[PDB]
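# my sequence and its experimental structure, below.
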Amino acid sequence: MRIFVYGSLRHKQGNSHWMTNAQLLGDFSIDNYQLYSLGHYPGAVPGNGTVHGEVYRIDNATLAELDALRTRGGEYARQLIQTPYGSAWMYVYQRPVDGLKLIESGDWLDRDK
């Protein structure tokens, strides 16, 4: 399925799938969203910022692989966003952001200005 990459443009190959069937649709930064950094992985939600992310088309079963690995048990919610390159799954923070770091900029890097 199509999913939004908010984990650097460098993304991650994961195990194999994420560099094999991963079709680069193109870059797509979304405004009115902000990025959290909760220690390991990041989180993204509607707010005030431009998330300089990238949109990919990966295999549908590969999607179930990511979902089953990420939110097995109930970690995040699936926010389906309709992009010009196709509707992509956005994972929104579903557990308290109390004491997290906020990138109101929307980009992972930013500080190269």
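That came in fine, so what should we check first? Residues are numbered from 1 along each chain as shown.
# send the alpha carbons of the longest helix along the chain over as CSV?
In the chain, assigned by DSSP state H, the helix with the most residues is helix 60-70. Only the C-alpha atoms of helix 60-70 are listed here, as CSV (Å, rounded to 0.1, in the frame of the first residue of the first chain):
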residue,chain,number,x,y,z
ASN,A,60,0.2,-4.4,0.0
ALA,A,61,1.3,-7.4,2.0
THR,A,62,4.5,-5.5,2.9
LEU,A,63,2.1,-3.0,4.5
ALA,A,64,0.6,-5.6,6.7
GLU,A,65,4.2,-6.5,7.6
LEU,A,66,5.0,-3.0,8.7
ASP,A,67,1.7,-2.6,10.6
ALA,A,68,2.0,-5.9,12.3
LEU,A,69,5.5,-5.0,13.5
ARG,A,70,4.8,-1.5,14.5
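# can you pull out the residues in contact with that helix?
Helix 60-70 has contacts (Cβ atoms under 8 Å, 6 or more residues apart in numbering) with 1, 3, 14, 17, 18, 21, 58, 76, 78, 89, 91. C-beta: built from backbone N, CA, C; applies to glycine.
# give me the angle between the helix or strand following that helix and helix 60-70.
Scanning forward in sequence from helix 60-70 by DSSP states H and E, the next helix or strand is strand 76-83. Per axes from the mean of the first three to the mean of the last three Cα atoms, to 10 degrees, the angle that strand 76-83 makes with helix 60-70 is 140 degrees.
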